[PDB]
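**Student:** Structure in structure tokens, see below.
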Amino acid sequence: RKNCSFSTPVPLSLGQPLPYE
Amino acid sequence: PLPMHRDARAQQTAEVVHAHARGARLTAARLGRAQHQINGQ
Amino acid sequence: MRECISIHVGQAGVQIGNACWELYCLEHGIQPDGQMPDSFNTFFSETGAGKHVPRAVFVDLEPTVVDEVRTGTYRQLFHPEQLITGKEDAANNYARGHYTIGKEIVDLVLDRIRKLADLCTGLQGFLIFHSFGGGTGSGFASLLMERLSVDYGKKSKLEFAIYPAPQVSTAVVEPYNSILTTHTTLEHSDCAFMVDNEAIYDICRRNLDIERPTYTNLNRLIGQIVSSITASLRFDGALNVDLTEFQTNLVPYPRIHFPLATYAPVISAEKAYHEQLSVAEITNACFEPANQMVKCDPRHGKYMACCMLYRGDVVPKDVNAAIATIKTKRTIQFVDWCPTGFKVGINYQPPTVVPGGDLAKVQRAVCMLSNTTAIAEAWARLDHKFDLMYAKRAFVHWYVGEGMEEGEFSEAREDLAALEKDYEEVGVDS
Amino acid sequence: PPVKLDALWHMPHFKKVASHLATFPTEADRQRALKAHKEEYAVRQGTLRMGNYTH
Amino acid sequence: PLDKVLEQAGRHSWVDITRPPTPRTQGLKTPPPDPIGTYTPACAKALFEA
Amino acid sequence: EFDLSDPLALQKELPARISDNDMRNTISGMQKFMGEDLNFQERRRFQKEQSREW
Amino acid sequence: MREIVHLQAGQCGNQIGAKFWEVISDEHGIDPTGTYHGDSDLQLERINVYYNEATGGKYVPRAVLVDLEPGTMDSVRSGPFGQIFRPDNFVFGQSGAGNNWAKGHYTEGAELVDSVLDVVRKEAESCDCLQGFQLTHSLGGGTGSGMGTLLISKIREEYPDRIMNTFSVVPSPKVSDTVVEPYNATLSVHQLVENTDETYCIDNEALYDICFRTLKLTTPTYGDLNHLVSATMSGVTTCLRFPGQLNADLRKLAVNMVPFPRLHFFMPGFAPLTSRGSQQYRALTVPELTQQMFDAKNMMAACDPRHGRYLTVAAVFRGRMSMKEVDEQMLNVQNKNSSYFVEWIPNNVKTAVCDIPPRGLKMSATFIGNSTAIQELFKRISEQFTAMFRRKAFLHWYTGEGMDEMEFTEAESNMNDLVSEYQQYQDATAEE
Amino acid sequence: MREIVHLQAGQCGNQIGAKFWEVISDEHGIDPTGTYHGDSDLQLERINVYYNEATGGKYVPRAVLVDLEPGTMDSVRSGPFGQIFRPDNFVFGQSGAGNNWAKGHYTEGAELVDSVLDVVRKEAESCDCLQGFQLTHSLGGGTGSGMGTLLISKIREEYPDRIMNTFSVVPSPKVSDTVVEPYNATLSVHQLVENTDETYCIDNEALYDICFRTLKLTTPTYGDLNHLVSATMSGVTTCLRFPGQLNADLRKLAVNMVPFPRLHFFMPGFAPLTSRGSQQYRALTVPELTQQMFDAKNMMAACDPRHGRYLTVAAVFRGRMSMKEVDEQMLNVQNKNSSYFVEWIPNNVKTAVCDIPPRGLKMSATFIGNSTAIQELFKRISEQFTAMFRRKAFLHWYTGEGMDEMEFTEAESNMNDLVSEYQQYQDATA
Ligand SMILES: Nc1nc2c(ncn2[C@@H]2O[C@H](COP(=O)(O)OP(=O)(O)OP(=O)(O)O)[C@@H](O)[C@H]2O)c(=O)[nH]1
Ligand SMILES: Nc1nc2c(ncn2[C@@H]2O[C@H](COP(=O)(O)OP(=O)(O)O)[C@@H](O)[C@H]2O)c(=O)[nH]1
Ligand SMILES: Nc1nc2c(ncn2[C@@H]2O[C@H](COP(=O)(O)OP(=O)(O)O)[C@@H](O)[C@H]2O)c(=O)[nH]1
Ligand SMILES: [Mg+2]
């Protein structure tokens, strides 16, 4: 499933977990 | 045009390459005998 | 009192330093820390704590070669102010190591040599080892001899070197470095000892039964050469020979200072078990063309000067009997103007052996230093490989882009061609 | 049967060079000895025409 | 086979190439030189030089 | 360095890929690759069962 | 010390460099988290060549990953060694190139190149004595083939004296996946010849052939291809990172390998590749390594060197050996295959030795060769580019970017001058 | 040192070579794994003549198995000694030749000739000094008859000096298994006479006769001949592999067996063939071996030697014996059968002795002989070729490949002039 947490910039993003926090 | 044209074309190139090969073999035989003589000298 | 300072250059210089200085510690009794548990004074130097420091200057333009010495067994043997490194190397470029990176450390190497020099009381000579292949061993070594000349006018500058092999090669652009280096080895050197690696490869495989040798097996054999030359300085003998003594009776002309060395006997322990060692056999092997460490046959030339260096339980009568035999032999040639071409040296101490080395221990030995004219054809081969590539200007953009002009290339080739013509007049008998 | 009796190829650009030495007392004796080595060319072994010759 | 070629050839490639060629003989006549062919001017000149 | 010239030092050598489990079979050494698929046959068979039932 | 900065461009570059960084982390005993786990002291002596220090005994790769498409960065971050890369070094755009070299080179690459230049300038000012940069990218892409060339052109101006390596992935005509691929290849080979110290041409079709024949893998995916590329890149600098009997580095290879500045295309090779069945009947020996390398099947480029003249040959061996056998083998392969080598350079082979073998393996050898067979790829690329560019096909995509039409002509002229020059050097007798 | 690279072509060649690789594995004490389980040191000192070294004390055959049809090598790799062969040394194509010499020699062989030339170049450079190659094939097939002639056609120019023995298979007239057999026979023997240092003519009938009468076997399988073939092949190189009173090798026989380069076809023989009804009644003596050999029933060729004159005779004895019984028996066989030997060469018989007997036996002997009676075979094939060529039958297979017709005409010319010169050497005045 296409996970765009890393690709999404800090503006225009939710609190969804990125990889390796 | 005719049906065995493709097959006919093959035989023509076959005889062409064969004749060229025999001529080259003749020339090579001449040169090799010359090698033998010059080596003996 | 006699002292010799070592100025090893290049990866060969560091690796020849490891083998040579390991041997020097064993013959005197130095522990790896540096303590005996004054024959040592020509190499070592006393300190306050009763510690002996070698008089060596390891220089290299790349850190990893010397850092292995810094973490080796003898890490606490060398003063940490005696092993010089550098960030960037010449990368088989004589030009880079001669005008760009070489100058950066020229002053500091001279300073270290200066502080080692004033320590010595009577300085005998400078043993400088390098290679013609690598950029640092050719470029920087050219500059230091050039600057050692102006600093020290009269001190002898011996030159042990690695002549690139005429068959095998560790580098392609090596003849460019080798041709350009010969200017320094001509007007800024006093004697030379070029040896190619394949010749020792032939010696080790044929005689020592090591079909798979390394540089270490090569390095131990070269270490035996330097020990045998300076053994007269270190230990008493019947006929002691200094550096100046054997320098004089090897060089007839100022442009002819390239003798060829020879060591004998080099034989495995299994083979020496049943074959007798005497002065006659060990001195005949010194004239065997298969035992020369320069890939040239003296039977294709004529000797002008030969230096004899005997070691062990040798007797002067057997020395003169051996010399009489070798003169009465037609296959050995000599120039007309040198009826007497021998200089003999006699030492008492037999050669020590490194444990796990390769040579068998022997009660007697011999070292040979012959200046012949059959060496010149090797310079013709160094031409020919330098020859078939300077026509097309291959690799010159590296040299020109570094910052040296191309006119020196023609001059460098020209001098050695005239230097070849030098040995032609030597070979002619009136 | 192998027969290799040739010399290394040499560019003629710097071919015309003498030597920086003059050992023989006079050029006349020099020419005598050079005539000598010129004839000894064939008998002498080696590419540079030096050494023992043949037998 | 490089041998029965000569034996059938007869005149062509006479043994002892320095022996003079027979003026008239049923053997296969020497083909003319050609830059692209069995017989070449270069091999002809090599034979003459030998 | 007797092992370098030893006629039987080779007997003291190993194929370096004797099994599929050797600890030296690390992808730094190029004797074990991801492309080797010993699960291929079972994967094919259970694909067949899956599709057949569907 | 002697540092290397790893530039990464495209999906090809990102995956290849991920595999490469993972592999060299396995050599230096580096975990996924970042710390050190190895046993020997030599495993941590020169790791500052590729790694930078951080608190906790942590090391970050000296890598700059650039891509115009953000979706590859997520896969890179979620890969096996995705943690180890500091995410400031990731530089991504919002719109890709769409396999368009012109879009990668002029339109959208100009807005990302400032950030990439800032990152690489920070990383270059970090290390005290930088040896040079090493870039991985694909020639059939839009960003690596595109913006990568612009990056190269700027950093060559910025740091002229530093070495410039590229493990470039050249397209294959026998197996192709992009229609507009020849246009990008032609427009990027010009930048490669103008501004690059060394190139290694890597062919995916050649890698597929190696996997199909040499290893006989039933299903070799792209991971094994990147594995082979990583072998090559590791074997280039193994002697720089680890001591050996005869040491070398990138400039040691380049100075000895480039006779003329227009000649910097190299064919790389790796010796110890055997199948699982072939592991049973073999012997780890220098002659076998030399033969396996000198076979043309082992080659990972798309040209047969039997159709070329080996200008110069480079053999870098990994592991402890005897130098007698390696010098004997190189001299033997020089003498036996005499006329495959040019005559105007003697002893065409340059050798290097590194003591430390690669992990889990006793013996290996790597190879870099400059030969005349490499012009066979440029001729074929030129043929296809002519066949496309005659009809002005697919030209509106490149023309709408604002560039003129003379650039194709000048790139073709440069490539034809390259191939003519290589053929002239091949047909060149020296007179002495 | 003196190595042997074993060529292997055709289904016939595949099975006998597999059998040949079985028996010399038994002699050298090699298990199906590849390791050495023998007891004597003399079983492992010269094992490098046939095998190559592999890791773990493993010995792999230096063999190159070639075939056009993929099916045969599966039977090769499924045998007892099936896994000892290196998988890379297997080389094969996807389609056969279908008993056509033309397909294997011109159309299909020319794709796979590249691959075999590498792997024989592989096995050439592995050995320091290769004694020569050796080939096993059949002249009545499509690949060994075809491509097999092309392999020996190429390696001559590339490797001139090396010896080439061929363990060939001549088809038989009385029983034949292929209609187009006469064509492939003549299109091979014209090749064979021009590249073979020494030829061994093995014909399938004579072993099929030798299995009835001499050995008394009810059901002769193909393996029994492959044993009997390989048994004499072992006796050819037995003196090479083991020391003896009078050593020999291939070349010591080759220059002694060939009076003229046009004559290299011999007729072999193997001595100790006894049925199970014969072992209980026999004394193992050299006179028994000599009388067993010179009898004409024992042979594995199809030409009674009493119809011709023995040009040269070679005998290789295996075991430890006294030289009296040897030297006195060939002298005895020479004088009694005075009419059966040519007059212009005295002492036509040459002998060699290997001290080591073959396993499972005490004494043995191998005989190679060139006699004029071998011309009885070649003329009989020309008796069938002209009988079938005159009607231009089956030609569309052969001219369909693109060949001309003078190839047939020159092929019959070579054998006709071969037998013509063979005949003249029978009637020669002293
Ligand atoms: N006999 C011998 N020669 C050596 C040894 N080490 C290096 N060499 C020679 O040195 C040559 C290359 O130069 P290196 O000494 O390795 O390096 P360098 O002199 O510092 O010059 P750069 O490589 O530019 O740094 C090779 O061709 C070798 O012949 C050694 O241990 N023994
Ligand atoms: N050998 C190899 N080639 C790859 C890999 N991934 C992609 N490629 C090749 O790279 C090309 C696509 O590159 P692309 O993503 O468009 O580069 P970009 O435009 O710079 O992002 C395709 O032709 C693939 O064949 C890989 O993992 N290994
Ligand atoms: N003596 C003997 N003859 C064999 C053996 N195997 C096959 N043959 C003969 O070989 C012939 C067929 O050869 P063929 O397979 O067509 O040769 P190819 O076409 O080169 O592979 C038949 O006449 C068989 O009698 C064997 O093991 N021993
Ligand atoms: Mg160096």
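The chains in the structure tokens are called A, B, ... from first to last as shown; in each chain the residues are counted from 1, and the ligands are counted from 1 in the order shown.
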Residue B:33: which residues within 10 Å, counting only C-alpha atoms, same-chain residues fewer than 6 positions away excluded, as JSON, numbers by chain?
**Tutor:** {"B": [39], "E": [2, 3, 6, 13, 14, 15, 16, 17]}
**Student:** Give one line per residue of chain G that approaches ligand 4 to at most 12 Å, naming the two atoms of the closest pair and their distance in Å to one decimal, counting only C-alpha atoms and all ligand atoms; sort by chain then ascending residue number and deliver it as a tab-separated table.
**Tutor:**
residue	atom	partner	partner_atom_place_in_ligand_line	distance
G:240	CA	ligand 4	1 (Mg)	11.5
G:243	CA	ligand 4	1 (Mg)	11.8
G:244	CA	ligand 4	1 (Mg)	11.4
G:245	CA	ligand 4	1 (Mg)	10.8
G:246	CA	ligand 4	1 (Mg)	8.0
G:247	CA	ligand 4	1 (Mg)	6.6
G:248	CA	ligand 4	1 (Mg)	7.1
G:249	CA	ligand 4	1 (Mg)	9.5
G:251	CA	ligand 4	1 (Mg)	11.1
G:252	CA	ligand 4	1 (Mg)	8.5
G:253	CA	ligand 4	1 (Mg)	11.9
G:352	CA	ligand 4	1 (Mg)	10.9
**Student:** Kindly export the residues of the current selection with C-alpha atoms, as a PDB file, in the first residue's frame.
**Tutor:**
ATOM      1  CA  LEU G 240      41.714   2.368  -0.632  1.00  0.00           C
ATOM      2  CA  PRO G 243      45.788  -2.064   3.436  1.00  0.00           C
ATOM      3  CA  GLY G 244      47.491  -4.433   1.033  1.00  0.00           C
ATOM      4  CA  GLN G 245      50.859  -5.527  -0.298  1.00  0.00           C
ATOM      5  CA  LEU G 246      50.559  -3.104  -3.240  1.00  0.00           C
ATOM      6  CA  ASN G 247      48.234  -0.190  -2.527  1.00  0.00           C
ATOM      7  CA  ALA G 248      46.171   1.892  -4.949  1.00  0.00           C
ATOM      8  CA  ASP G 249      43.193   4.248  -5.126  1.00  0.00           C
ATOM      9  CA  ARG G 251      43.656   8.413  -8.881  1.00  0.00           C
ATOM     10  CA  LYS G 252      46.138   5.523  -9.008  1.00  0.00           C
ATOM     11  CA  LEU G 253      43.697   3.841 -11.379  1.00  0.00           C
ATOM     12  CA  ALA G 352      46.838  -3.839  -7.258  1.00  0.00           C
TER      13      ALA G 352
END
**Student:** What parts of stretch 213-368 of chain G does DSSP call alpha helix (DSSP H)? I'd like the answer as a PyMOL selection string.
**Tutor:** chain G and resi 222-241+250-257+286-294+323-336
**Student:** Give me, as a PyMOL selection string, the set of residues whose atoms come within 7 Å of any atom of ligand 1, counting only C-alpha atoms and all ligand atoms.
**Tutor:** (chain C and resi 9-13+15-16+60-62+89-93+130-138+162+164+169-171+197+215-216+218-219) or (chain G and resi 246-248)
**Student:** Taking only C-alpha atoms and all ligand atoms into account, list the residues no farther than 8 Å from ligand 2, as a PyMOL selection string.
**Tutor:** chain G and resi 9-13+15-16+67-69+96-100+104+137-148+169+171+176-178+202-204+207+222-223+225-226+229
**Student:** Could the residues in this selection be saved with N, CA and C atoms as a CSV table (one decimal), in the first residue's frame?
**Tutor:**
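Okay, this is what ended up in result10.csv:
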chain,number,residue,atom,x,y,z
G,9,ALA,N,21.2,9.3,-8.2
G,9,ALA,CA,20.2,9.9,-9.0
G,9,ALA,C,19.3,8.9,-9.7
G,10,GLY,N,18.0,9.1,-9.6
G,10,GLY,CA,17.1,8.3,-10.3
G,10,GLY,C,16.7,7.1,-9.4
G,11,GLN,N,15.7,6.3,-9.9
G,11,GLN,CA,15.3,5.1,-9.2
G,11,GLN,C,16.4,4.0,-9.3
G,12,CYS,N,17.1,3.9,-10.5
G,12,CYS,CA,18.2,3.1,-10.7
G,12,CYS,C,19.3,3.5,-9.7
G,13,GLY,N,19.6,4.8,-9.6
G,13,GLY,CA,20.7,5.2,-8.7
G,13,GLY,C,20.3,4.9,-7.2
G,15,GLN,N,18.1,2.7,-5.8
G,15,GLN,CA,18.2,1.2,-5.5
G,15,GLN,C,19.6,0.7,-5.5
G,16,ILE,N,20.4,1.1,-6.5
G,16,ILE,CA,21.8,0.6,-6.6
G,16,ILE,C,22.6,1.1,-5.4
G,67,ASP,N,16.1,12.7,-6.3
G,67,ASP,CA,15.1,12.2,-7.2
G,67,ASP,C,14.0,13.2,-7.4
G,68,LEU,N,13.5,13.3,-8.7
G,68,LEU,CA,12.4,14.2,-9.0
G,68,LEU,C,11.0,13.6,-8.6
G,69,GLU,N,10.9,12.3,-8.3
G,69,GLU,CA,9.7,11.6,-8.0
G,69,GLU,C,9.7,11.1,-6.6
G,96,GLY,N,8.0,14.7,-11.5
G,96,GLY,CA,9.1,14.0,-12.1
G,96,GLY,C,9.3,14.5,-13.5
G,97,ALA,N,10.2,13.8,-14.3
G,97,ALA,CA,10.5,14.2,-15.6
G,97,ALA,C,9.7,13.5,-16.7
G,98,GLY,N,9.1,12.4,-16.3
G,98,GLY,CA,8.4,11.6,-17.3
G,98,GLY,C,9.3,11.0,-18.4
G,99,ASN,N,10.4,10.5,-18.0
G,99,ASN,CA,11.4,10.0,-18.9
G,99,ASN,C,12.0,11.0,-19.9
G,100,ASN,N,11.8,12.3,-19.7
G,100,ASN,CA,12.2,13.4,-20.6
G,100,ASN,C,13.5,14.0,-20.1
G,104,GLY,N,14.2,17.0,-17.3
G,104,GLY,CA,15.1,16.8,-16.2
G,104,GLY,C,16.2,17.8,-16.2
G,137,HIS,N,23.8,6.7,-11.5
G,137,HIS,CA,22.6,7.1,-12.2
G,137,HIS,C,22.4,6.2,-13.5
G,138,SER,N,21.2,6.3,-14.1
G,138,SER,CA,20.9,5.6,-15.3
G,138,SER,C,20.8,6.6,-16.5
G,139,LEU,N,21.3,6.2,-17.6
G,139,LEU,CA,21.3,7.0,-18.8
G,139,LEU,C,20.0,7.0,-19.6
G,140,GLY,N,19.0,6.1,-19.2
G,140,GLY,CA,17.8,6.1,-19.9
G,140,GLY,C,16.6,6.7,-19.1
G,141,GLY,N,17.0,7.4,-18.0
G,141,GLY,CA,16.0,8.0,-17.1
G,141,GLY,C,15.7,9.4,-17.5
G,142,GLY,N,15.1,10.1,-16.6
G,142,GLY,CA,14.8,11.5,-16.8
G,142,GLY,C,15.5,12.4,-15.8
G,143,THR,N,15.7,11.9,-14.6
G,143,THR,CA,16.4,12.7,-13.6
G,143,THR,C,17.9,12.4,-13.5
G,144,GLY,N,18.3,11.1,-13.4
G,144,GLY,CA,19.7,10.7,-13.4
G,144,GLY,C,20.3,11.0,-14.8
G,145,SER,N,19.7,10.7,-15.9
G,145,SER,CA,20.2,11.0,-17.2
G,145,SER,C,20.1,12.5,-17.4
G,146,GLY,N,19.2,13.2,-16.7
G,146,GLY,CA,18.9,14.6,-16.9
G,146,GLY,C,19.6,15.5,-15.9
G,147,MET,N,18.9,15.8,-14.8
G,147,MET,CA,19.4,16.6,-13.7
G,147,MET,C,20.7,16.2,-13.2
G,148,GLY,N,21.1,14.9,-13.3
G,148,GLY,CA,22.4,14.5,-12.9
G,148,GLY,C,23.5,15.1,-13.7
G,169,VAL,N,24.6,3.7,-15.8
G,169,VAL,CA,23.8,2.6,-16.4
G,169,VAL,C,23.4,3.0,-17.8
G,171,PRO,N,21.8,2.5,-21.6
G,171,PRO,CA,20.7,1.7,-22.1
G,171,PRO,C,21.2,0.5,-23.0
G,176,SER,N,14.9,-3.0,-24.3
G,176,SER,CA,14.7,-1.6,-24.0
G,176,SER,C,13.3,-1.4,-23.4
G,177,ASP,N,13.1,-0.4,-22.5
G,177,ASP,CA,11.8,-0.2,-21.8
G,177,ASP,C,11.3,1.3,-22.0
G,178,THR,N,12.1,2.1,-22.8
G,178,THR,CA,11.7,3.5,-23.0
G,178,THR,C,11.8,3.8,-24.4
G,202,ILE,N,27.5,0.1,-17.3
G,202,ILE,CA,26.8,-1.0,-16.8
G,202,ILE,C,25.6,-1.3,-17.6
G,203,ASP,N,25.4,-2.6,-18.0
G,203,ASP,CA,24.3,-3.0,-18.9
G,203,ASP,C,23.4,-4.0,-18.2
G,204,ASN,N,22.1,-3.7,-18.1
G,204,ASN,CA,21.2,-4.6,-17.5
G,204,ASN,C,21.0,-5.8,-18.2
G,207,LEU,N,23.9,-8.0,-17.3
G,207,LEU,CA,23.7,-8.5,-15.9
G,207,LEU,C,22.7,-9.7,-16.0
G,222,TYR,N,15.8,-7.6,-9.7
G,222,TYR,CA,16.7,-6.4,-9.7
G,222,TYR,C,17.7,-6.4,-8.5
G,223,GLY,N,17.3,-7.1,-7.4
G,223,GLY,CA,18.2,-7.1,-6.3
G,223,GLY,C,19.6,-7.7,-6.6
G,225,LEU,N,21.0,-7.9,-9.6
G,225,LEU,CA,21.6,-6.9,-10.4
G,225,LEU,C,22.4,-5.8,-9.6
G,226,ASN,N,21.6,-5.2,-8.7
G,226,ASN,CA,22.2,-4.2,-7.8
G,226,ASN,C,23.3,-4.9,-6.9
G,229,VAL,N,26.4,-4.8,-9.2
G,229,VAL,CA,26.9,-3.5,-9.3
G,229,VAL,C,27.6,-3.1,-8.0
**Student:** Could the residues that lie within 6 Å of ligand 3, counting only C-alpha atoms and all ligand atoms, be listed as a ChimeraX atom specification?
**Tutor:** /H:10-12,15-16,99,138,140-145,177,204,222,225-226
**Student:** Can those selected residues be exported to a file as a tab-separated table (two decimals), in the first residue's frame so that it contains C-alpha atoms?
**Tutor:**
chain	number	residue	atom	x	y	z
H	10	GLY	CA	28.63	-38.69	-30.13
H	11	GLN	CA	26.42	-41.15	-28.29
H	12	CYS	CA	28.94	-43.91	-28.99
H	15	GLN	CA	29.19	-44.19	-23.44
H	16	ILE	CA	32.68	-45.59	-24.05
H	99	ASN	CA	22.64	-39.59	-39.22
H	138	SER	CA	31.92	-42.88	-34.32
H	140	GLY	CA	28.67	-43.57	-38.72
H	141	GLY	CA	26.78	-40.99	-36.69
H	142	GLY	CA	25.84	-37.37	-37.22
H	143	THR	CA	27.86	-35.46	-34.62
H	144	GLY	CA	31.00	-37.49	-33.96
H	145	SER	CA	31.09	-38.38	-37.65
H	177	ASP	CA	22.47	-49.83	-38.56
H	204	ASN	CA	31.47	-53.23	-33.64
H	222	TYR	CA	26.78	-52.64	-24.87
H	225	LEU	CA	32.34	-53.86	-25.39
H	226	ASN	CA	32.72	-50.52	-23.61
**Student:** Based on only C-alpha atoms, which of the residues in chain E come within 12 Å of chain H? I want them as a list in words.
**Tutor:**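 That gives the following set of residues: residues 1, 2, 3, 4, 5, 7 and 8 of chain E.
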**Student:** Considering only C-alpha atoms, return as a PyMOL selection string whatever protein or nucleic-acid residues lie within 10 Å of stretch 13-16 of chain D, sequence-local ones (same chain, fewer than 3 positions apart) excluded.
**Tutor:** (chain C and resi 391+410-411+413-415+417-418) or (chain D and resi 10) or (chain G and resi 432)
**Student:** Which residues come within 10 Å of residue A:8, counting only C-alpha atoms, excluding same-chain residues fewer than 3 positions away, as a list in words?
**Tutor:**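 Those residues are residues 3, 4, 5, 11, 12, 13, 14 and 18 of chain A; 70, 71, 74 and 94 of chain G.
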**Student:** Go ahead and save the picked residues with C-alpha atoms, as an mmCIF file, in the first residue's frame.
**Tutor:**
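So selection-v5.cif came out as:
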data_model
loop_
_atom_site.group_PDB
_atom_site.id
_atom_site.type_symbol
_atom_site.label_atom_id
_atom_site.label_comp_id
_atom_site.auth_asym_id
_atom_site.auth_seq_id
_atom_site.Cartn_x
_atom_site.Cartn_y
_atom_site.Cartn_z
ATOM 1 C CA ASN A 3 2.635 4.981 2.149
ATOM 2 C CA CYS A 4 3.411 8.666 1.587
ATOM 3 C CA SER A 5 4.325 9.625 5.164
ATOM 4 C CA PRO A 11 3.127 21.565 5.743
ATOM 5 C CA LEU A 12 0.101 19.801 4.241
ATOM 6 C CA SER A 13 0.496 16.666 6.356
ATOM 7 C CA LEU A 14 -1.304 14.919 9.196
ATOM 8 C CA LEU A 18 6.564 8.224 9.513
ATOM 9 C CA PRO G 70 8.826 11.307 -4.293
ATOM 10 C CA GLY G 71 7.484 7.738 -4.397
ATOM 11 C CA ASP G 74 9.403 5.958 0.666
ATOM 12 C CA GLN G 94 7.113 17.089 -6.509
#
**Student:** I need the chain H residues near chain B as a ChimeraX atom specification; criterion: at most 7 Å, counting only C-alpha atoms.
**Tutor:** /H:402-404
**Student:** Could you check how far atom CA of residue G:184 sits from atom CA of residue G:102, in Å to one decimal?
**Tutor:**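 The value is 8.0 Å.
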